[PDB]
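Everything on this sheet refers to the single structure shown next.
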Amino acid sequence: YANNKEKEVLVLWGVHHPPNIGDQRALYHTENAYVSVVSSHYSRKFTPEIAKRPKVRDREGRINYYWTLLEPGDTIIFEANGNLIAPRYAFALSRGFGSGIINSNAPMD
Amino acid sequence: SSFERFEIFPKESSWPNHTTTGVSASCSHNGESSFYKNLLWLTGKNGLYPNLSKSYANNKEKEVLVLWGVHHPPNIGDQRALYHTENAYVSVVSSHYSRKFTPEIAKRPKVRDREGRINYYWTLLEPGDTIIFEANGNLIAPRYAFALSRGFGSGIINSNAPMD
Amino acid sequence: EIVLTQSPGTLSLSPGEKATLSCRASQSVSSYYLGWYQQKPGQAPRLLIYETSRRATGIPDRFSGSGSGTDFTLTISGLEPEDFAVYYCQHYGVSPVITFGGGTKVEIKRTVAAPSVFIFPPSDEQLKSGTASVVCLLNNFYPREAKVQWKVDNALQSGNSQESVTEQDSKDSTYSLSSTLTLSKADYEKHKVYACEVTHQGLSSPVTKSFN
Amino acid sequence: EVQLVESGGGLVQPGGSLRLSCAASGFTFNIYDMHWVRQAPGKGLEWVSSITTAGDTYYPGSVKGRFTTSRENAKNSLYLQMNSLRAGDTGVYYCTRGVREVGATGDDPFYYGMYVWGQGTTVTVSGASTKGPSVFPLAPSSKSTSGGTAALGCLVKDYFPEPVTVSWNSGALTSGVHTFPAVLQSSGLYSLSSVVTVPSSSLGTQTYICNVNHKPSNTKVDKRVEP
Ligand SMILES: *[C@@H]1O[C@H](CO)[C@@H](O[C@@H]2O[C@H](CO)[C@@H](O[C@@H]3O[C@H](CO)[C@@H](O)[C@H](O)[C@@H]3O)[C@H](O)[C@H]2NC(C)=O)[C@H](O)[C@H]1NC(C)=O
Ligand SMILES: *[C@@H]1O[C@H](CO)[C@@H](O[C@@H]2O[C@H](CO)[C@@H](O)[C@H](O)[C@H]2NC(C)=O)[C@H](O)[C@H]1NC(C)=O
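So the protein lines, in turn, are chains A, B, C and D. Residue numbers 2 to 110, in our numbering, belong to the letters of the first sequence in order. Residue numbers 855 to 1018, in our numbering, belong to the letters of the second sequence in order. Residue numbers 4 to 215, in our numbering, belong to the letters of the third sequence in order. Residue numbers 60 to 286, in our numbering, belong to the letters of the fourth sequence in order.
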């Protein structure tokens, strides 16, 4: 994907790490997988690994979530042979301070 | 306060069975192609890029800054061309430092006409310490180093304004 | 230092056949640098083999390349009509000396033949200067190796052979020589019998043709 | 596509100076090392100069003295300055492309060999330049006019420079004609011979004309063999 938008496009992708040897070979048909995510000034190589981890929301296997901001003009290339939770929708933000994160119980009016 | 630039691993000696004459169009100077004067490019010669364990002991009695790089090629065959090995490792150690680099092939967007990249890394060998470099390919070895002295009353300023 | 000796000096085979030309340098060459180039008659050279085994980025499969250290070989299985070039092995690389140098003049030579013989007297125009440079001929013959000796009443072997060999003809696949005995008017008017002796393997006896 | 266009001159004095220009097209110049390979008038390929992408020139002992290589990565051209030229410095000079930098992406392949070649440009050293050809054939009453014993030709002695074109009745004799290669004798001047095998008793019938064309000094000879 090439950044046409003339705005910082936020890209969000995930990497799945299965809990059982056979599940890896079931859904991805490859036992040894790689996920590569690049931009002009970004690089990362993900090697998902099998682990029978404690059950969080009934899942021994997990998905790690990752993020980047493709600058206007830059290009994001995704190389993979398995275990990629690819993005679907992205966010092409505009920014401007006078905003923040507030933790409140209190109702809106 | 001060430092001193010095050939840590001299080109015309330290690399006997590796071809040091690596250059790039991206590092252009007055028309010709060139490279980083403080770094040095090691490539494979005759047969292969054989195993290397180049070592430097800090005699200087000053913090010696060491700078090395790790090349990540863009095409499968280019890796096997310049380094004759498809699966390579670069190891950099000191008494209180360790790192293992595994360069990986990626057809990345063209920055200064290069799909392949070189990642730059740095350390400060303390007086008395020793830096050992283990490799079988893809190492952009240092050439000149810096044996600094330090002393505050200095800083980085961003100015357009002229000097007088 | 590095000496690329290409054996044989000359190779000659019939089409459809197989050719093996060798190239051995003084010291070991460590493959990756050695390549082979086809000097197609009357044209610019062309690359066929590199890094020893490697094929050209647009060349036939008839050609094979292999060897290691000292001995190396380019093997043409097809030997088509086009495949009649001179060929050279070159040592390109980290040296910086390119070395190069080669022979193996791969030509036709199929059926044995023998040379014909001639001799001509000095004309009205060259004799105006006094200097006489007599000619000879040995038209059409398959085996290129020929030896020419002149007989000036049983002498002369200095300013004797000015050999001007031609290339195999598109039809006949034969050669023709023109040895020129250049000399002064000193011994020219002085003698009577001037012969041109063709000492060839094809002929049975060393036949000679002379004049007044 | 890929092309190395070679240009320069042809004649110079012995101890003279000449410059060669090598235009390039169809590929990225700046990432490939370049060279000059000469083929003598006779035969045998020999390397004379080689320059890297960095501009490092390497020469063989034969020519280390007076030859120099340069590059205009801008003008896509490579050059060779031939100073104080020797006798044996004659021949066809070729332009070539070997190895891709080291640091040149990974697209254009990396190999130790010369691929793109040029057509050439012939270079020669003087003696007493531009002299027309002297053609003297064979006069009446010779050996024996028969089928077997049959060969009668001209003599193109003392001419400079090359080439000389042979013609028998403005391009009619497509058979039996043997135009021997031009050979330079001692003390300059090239000299070639041209023979033609004659019929049994066709001495009269139609007499063959011995035509010789010289494009440098603009000389044309029409002196025929025995009418
Ligand atoms: C260059 O470095 C590599 C390591 O990065 C060296 O590879 C290792 O070489 C040793 C040779 O002793 C191999 O060990 C052998 O293991 C078998 C195991 O059954 C044993 O029976 C043998 O007696 C021997 O000890 C080791 O496996 C090998 N490592 C890998 C991953 O292949 C390499 O030898 C170095 N080159 C030179 C010239 O030293
Ligand atoms: C290749 O170069 C290296 C580095 O100069 C040489 O490696 C040394 O080899 C000896 C064993 O013969 C070791 O004890 C040294 O420690 C090595 N040097 C380093 C820096 O670790 C190697 O011998 C050379 N090989 C050839 C074929 O010349």
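Even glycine gets a Cβ: it sits at the ideal position worked out from N, Cα and C.
Paired residues, beta bridge with residue i - DSSP
i	result
C/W153	C/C199
B/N884	B/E886
D/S129	D/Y138
B/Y910	B/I985
D/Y117	D/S109
B/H925	B/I972
B/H872	None; B/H872 has no bridge partner.
D/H94	D/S109, D/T155
B/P996	B/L893
C/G81	Beta-bridge pairing links C/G81 to no other residue.
D/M173	D/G157
B/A879	Paired residues: none, contrary to the question.
CA-to-CA distance, residue j to residue i, given in whole angstroms
i	j	result
A/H18	B/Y943	25 angstroms
D/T224	B/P870	58 angstroms
D/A187	D/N272	20 angstroms
A/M109	A/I103	13 angstroms
D/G235	D/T256	6 angstroms
D/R156	C/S10	27 angstroms
D/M173	D/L63	12 angstroms
C/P146	D/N135	48 angstroms
C/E148	B/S882	57 angstroms
D/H94	D/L70	22 angstroms
A/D75	D/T164	19 angstroms
D/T208	C/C199	16 angstroms
A/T69	B/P957	22 angstroms
C/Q165	C/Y178	16 angstroms
B/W922	B/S868	15 angstroms
B/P963	A/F79	12 angstroms
A/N82	C/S71	39 angstroms
B/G1005	D/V158	48 angstroms
A/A52	A/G23	12 angstroms
8 angstroms contact criterion, which residue i and residue j should meet: CB distance rounded
i	j	result
B/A879	D/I90	5 angstroms
D/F195	C/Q129	6 angstroms
residue 287 of chain D	D/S108	Because chain D spans 60 through 286 in this model, residue 287 of chain D falls outside it and cannot be assessed.
C/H203	C/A117	7 angstroms
C/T78	C/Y90	With 8 angstroms as the limit, C/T78 and C/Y90 do not qualify as a contact, their Cβ atoms being about 12 angstroms apart.
D/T264	D/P220	Not a contact, Cβ separation roughly 38 angstroms.
C/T73	C/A28	7 angstroms
C/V196	C/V120	The Cβ separation is near 16 angstroms, so there is no contact.
D/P240	C/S167	6 angstroms
D/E65	D/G177	4 angstroms
B/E858	B/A1015	Between B/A1015 and B/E858 the Cβ distance is about 29 angstroms, and since that is not below 8 angstroms, they are no contact.
B/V924	B/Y998	Their Cβ separation, rounded to whole angstroms, is 18 angstroms, which puts B/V924 and B/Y998 out of contact at 8 angstroms.
Amino acids of chain C, ordered along the chain, whose beta-carbon sits closer than 7 angstroms to that of residue i
i	result
D/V242	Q165, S167
B/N900	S33, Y35
Within chain B, partners of residue i - CB distance below 9 angstroms
i	result
C/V97	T873, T875, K899, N900
D/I90	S878, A879, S887
D/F169	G931, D932, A935, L936
Partners in chain A for residue i, counting only beta-carbon separations shorter than 8 angstroms
i	result
B/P963	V39, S40, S41, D75, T76, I78
Chain A contact residues for residue i, given Cβ-Cβ distances below 7 angstroms
i	result
B/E958	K46
9 angstroms Cβ cut-off: residues of chain D touching residue i
i	result
residue 223 of chain C	In the structure as shown, chain C begins at 4 and stops at 215. Residue 223 of chain C is therefore absent and cannot be evaluated.
residue 1029 of chain B	Chain B is shown from 855 up to 1018; residue 1029 of chain B falls before or after that span and cannot be answered.
Neighbouring residues, chain B, relative to residue i (Cβ below 8 angstroms)
i	result
D/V161	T875, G876, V877, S878, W895, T897, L936
Chain-ordered neighbours of residue i on chain D, where CB pairs are closer than 8 angstroms
i	result
B/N990	Within chain D, no residue comes near B/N990; the closest Cβ sits about 18 angstroms away, beyond 8 angstroms.
B/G970	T164, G165
B/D967	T164
C/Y197	Near C/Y197 there are no residues of chain D at all, since even the closest Cβ is about 14 angstroms away, more than 8 angstroms.
Contact list for residue i against chain G, beta-carbon separation under 9 angstroms
i	result
D/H273	Of the protein chains in the structure, A, B, C and D, none is chain G.
Residue i: contacting residues in chain D (beta-carbon distance under 7 angstroms)
i	result
C/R27	Result: empty, since nearest Cβ-Cβ is about 18 angstroms, beyond 7 angstroms.
C/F123	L197
Interface partners of residue i on chain C, CB under 8 angstroms
i	result
residue 44 of chain D	Residue 44 of chain D lies beyond the stretch modelled for chain D, which goes from 60 to 286, so this question has no answer here.
Contact list for residue i against chain C, beta-carbon separation under 9 angstroms
i	result
D/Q62	Going along chain C, no residue has its Cβ under 9 angstroms from D/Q62, so there is no contact; the nearest lies around 11 angstroms.
Which of the residues in the stretch 66–89 of chain C, read from start to end, lie with their CB under 8 angstroms from any CB of chain D?
So the list reads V89, given in the order they occur along the chain.
Can you list, in chain order, the residues of the stretch 113–144 of chain D whose Cβ is nearer than 8 angstroms to any Cβ on chain C?
From the stretch 113–144 of chain D, only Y117, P119 have a Cβ closer than 8 angstroms to chain C.
With 8 angstroms as the C-beta to C-beta threshold (strictly closer), list the residues of the stretch 176–187 of chain C near chain D in chain order.
Cβ contacts with chain D come from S179, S181, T183, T185.
Could you name the residues of the stretch 36–66 of chain C whose beta carbon sits closer than 9 angstroms to any beta carbon of chain D, in the order they occur along the chain?
Residues passing the 9 angstroms Cβ filter: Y36, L37, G38, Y40, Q42, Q46, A47, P48, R49, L50, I52, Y53, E54, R57, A59, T60.
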